[PDB]
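Each remark here refers to the structure printed beneath this line.
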Amino acid sequence: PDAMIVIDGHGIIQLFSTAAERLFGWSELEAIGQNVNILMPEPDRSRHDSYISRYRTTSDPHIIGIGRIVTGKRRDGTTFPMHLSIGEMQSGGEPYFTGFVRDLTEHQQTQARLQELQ
Ligand code: HEM
């Protein structure tokens, strides 16, 4: 599975997997109802509602159906690398997006270490 988050068309979290709680620091109850931008740092945080709105108006994906590696942010403030896949769905007429996260911290850690030892 890995971390999975579902948001409605406004970026508000509807479902947050147990694995996402483990990864982001927030529990289910706490996360649900919050905007998804609480999972990332600036400048993406303030800008995310616009990326979501730009997509809805242009129908031109930038991450949907491509994937992308980004910096996410846990509750205690630490930032970390993760791979992200976004899926589009529809329910009760309104759009919902699904995000599948893969923690890439260990990889970034193994990479910098191998680098520093020449
Ligand atoms: C948690 C760390 C995340 C970061 C840093 C991040 C960042 C971004 C960035 C940089 C863009 C588009 C910028 C561009 O290429 O124009 C974007 C688009 C979007 N993000 Fe996120 N995102 C995060 C998580 C999520 C999650 C968990 C969801 C869904 C559950 C999500 C849904 C969307 C949607 C729907 C769009 C627009 C779709 C598209 O442009 O393909 N994002 N995000």
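Ligands are numbered from 1 in the order shown, chains are lettered A, B, ... in the order of the structure tokens, and residues start at 1 in each chain.
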For the contact check between chain A and ligand 1, emit one row per residue of chain A within 8 Å, containing the shortest atom pair and the distance in Å rounded to one decimal, counting only C-alpha atoms and all ligand atoms, chain then rising number order, as JSON lines.
{"residue": "A:4", "atom": "CA", "partner": "ligand 1", "partner_atom_place_in_ligand_line": "30 (C)", "distance": 7.2}
{"residue": "A:5", "atom": "CA", "partner": "ligand 1", "partner_atom_place_in_ligand_line": "30 (C)", "distance": 4.5}
{"residue": "A:6", "atom": "CA", "partner": "ligand 1", "partner_atom_place_in_ligand_line": "30 (C)", "distance": 4.5}
{"residue": "A:7", "atom": "CA", "partner": "ligand 1", "partner_atom_place_in_ligand_line": "30 (C)", "distance": 5.0}
{"residue": "A:9", "atom": "CA", "partner": "ligand 1", "partner_atom_place_in_ligand_line": "35 (C)", "distance": 7.7}
{"residue": "A:11", "atom": "CA", "partner": "ligand 1", "partner_atom_place_in_ligand_line": "32 (C)", "distance": 7.0}
{"residue": "A:13", "atom": "CA", "partner": "ligand 1", "partner_atom_place_in_ligand_line": "30 (C)", "distance": 7.3}
{"residue": "A:36", "atom": "CA", "partner": "ligand 1", "partner_atom_place_in_ligand_line": "27 (C)", "distance": 6.2}
{"residue": "A:37", "atom": "CA", "partner": "ligand 1", "partner_atom_place_in_ligand_line": "1 (C)", "distance": 6.7}
{"residue": "A:38", "atom": "CA", "partner": "ligand 1", "partner_atom_place_in_ligand_line": "1 (C)", "distance": 7.7}
{"residue": "A:39", "atom": "CA", "partner": "ligand 1", "partner_atom_place_in_ligand_line": "1 (C)", "distance": 4.6}
{"residue": "A:40", "atom": "CA", "partner": "ligand 1", "partner_atom_place_in_ligand_line": "2 (C)", "distance": 4.7}
{"residue": "A:41", "atom": "CA", "partner": "ligand 1", "partner_atom_place_in_ligand_line": "5 (C)", "distance": 7.1}
{"residue": "A:44", "atom": "CA", "partner": "ligand 1", "partner_atom_place_in_ligand_line": "5 (C)", "distance": 5.8}
{"residue": "A:45", "atom": "CA", "partner": "ligand 1", "partner_atom_place_in_ligand_line": "5 (C)", "distance": 7.4}
{"residue": "A:48", "atom": "CA", "partner": "ligand 1", "partner_atom_place_in_ligand_line": "43 (N)", "distance": 6.0}
{"residue": "A:51", "atom": "CA", "partner": "ligand 1", "partner_atom_place_in_ligand_line": "18 (C)", "distance": 5.1}
{"residue": "A:52", "atom": "CA", "partner": "ligand 1", "partner_atom_place_in_ligand_line": "37 (C)", "distance": 4.4}
{"residue": "A:53", "atom": "CA", "partner": "ligand 1", "partner_atom_place_in_ligand_line": "37 (C)", "distance": 7.6}
{"residue": "A:54", "atom": "CA", "partner": "ligand 1", "partner_atom_place_in_ligand_line": "37 (C)", "distance": 7.4}
{"residue": "A:55", "atom": "CA", "partner": "ligand 1", "partner_atom_place_in_ligand_line": "37 (C)", "distance": 5.3}
{"residue": "A:56", "atom": "CA", "partner": "ligand 1", "partner_atom_place_in_ligand_line": "37 (C)", "distance": 7.9}
{"residue": "A:60", "atom": "CA", "partner": "ligand 1", "partner_atom_place_in_ligand_line": "41 (O)", "distance": 7.0}
{"residue": "A:61", "atom": "CA", "partner": "ligand 1", "partner_atom_place_in_ligand_line": "41 (O)", "distance": 3.6}
{"residue": "A:62", "atom": "CA", "partner": "ligand 1", "partner_atom_place_in_ligand_line": "41 (O)", "distance": 3.8}
{"residue": "A:63", "atom": "CA", "partner": "ligand 1", "partner_atom_place_in_ligand_line": "41 (O)", "distance": 3.7}
{"residue": "A:64", "atom": "CA", "partner": "ligand 1", "partner_atom_place_in_ligand_line": "41 (O)", "distance": 3.8}
{"residue": "A:65", "atom": "CA", "partner": "ligand 1", "partner_atom_place_in_ligand_line": "41 (O)", "distance": 7.3}
{"residue": "A:66", "atom": "CA", "partner": "ligand 1", "partner_atom_place_in_ligand_line": "41 (O)", "distance": 7.9}
{"residue": "A:70", "atom": "CA", "partner": "ligand 1", "partner_atom_place_in_ligand_line": "5 (C)", "distance": 5.2}
{"residue": "A:71", "atom": "CA", "partner": "ligand 1", "partner_atom_place_in_ligand_line": "5 (C)", "distance": 5.3}
{"residue": "A:72", "atom": "CA", "partner": "ligand 1", "partner_atom_place_in_ligand_line": "2 (C)", "distance": 4.3}
{"residue": "A:73", "atom": "CA", "partner": "ligand 1", "partner_atom_place_in_ligand_line": "1 (C)", "distance": 7.0}
{"residue": "A:82", "atom": "CA", "partner": "ligand 1", "partner_atom_place_in_ligand_line": "2 (C)", "distance": 7.9}
{"residue": "A:84", "atom": "CA", "partner": "ligand 1", "partner_atom_place_in_ligand_line": "24 (C)", "distance": 7.0}
{"residue": "A:86", "atom": "CA", "partner": "ligand 1", "partner_atom_place_in_ligand_line": "29 (C)", "distance": 5.7}
{"residue": "A:87", "atom": "CA", "partner": "ligand 1", "partner_atom_place_in_ligand_line": "29 (C)", "distance": 7.5}
{"residue": "A:88", "atom": "CA", "partner": "ligand 1", "partner_atom_place_in_ligand_line": "35 (C)", "distance": 7.6}
{"residue": "A:97", "atom": "CA", "partner": "ligand 1", "partner_atom_place_in_ligand_line": "29 (C)", "distance": 5.0}
{"residue": "A:98", "atom": "CA", "partner": "ligand 1", "partner_atom_place_in_ligand_line": "30 (C)", "distance": 4.3}
{"residue": "A:99", "atom": "CA", "partner": "ligand 1", "partner_atom_place_in_ligand_line": "30 (C)", "distance": 3.8}
{"residue": "A:100", "atom": "CA", "partner": "ligand 1", "partner_atom_place_in_ligand_line": "27 (C)", "distance": 7.1}
{"residue": "A:101", "atom": "CA", "partner": "ligand 1", "partner_atom_place_in_ligand_line": "27 (C)", "distance": 7.4}
- Message: Give me, as a PyMOL selection string, the residues of chain A that a backbone DSSP run labels strand (DSSP E or B).
- Response: chain A and resi 3-8+12-16+35+68-73+79-91+94-103
- Name the closest residue to residue A:20 among the candidates A:103, A:118, A:35, A:79; distances are taken between atoms, counting only C-alpha atoms.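 Of all the options, A:103 lies closest to residue A:20.
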- Query: Restricting the calculation to only C-alpha atoms, which member of A:91, A:105, A:58, A:50 is positioned closest to residue A:23?
  - Reply: A:105
- Grab the atom CA of residue A:17 to atom CA of residue A:93 distance for me, in Å with one decimal place.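 Atom CA of residue A:93 lies 23.5 Å from atom CA of residue A:17.
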- Find the residue from A:47, A:57, A:74, A:2 that sits nearest to residue A:31; use only C-alpha atoms when measuring.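 Residue with the minimum atom-to-atom distance to residue A:31: A:74.
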- Task: Would you mind telling me which residue in A:95, A:8, A:77, A:102 lies nearest to residue A:42 when using only C-alpha atoms?
- Result: A:77
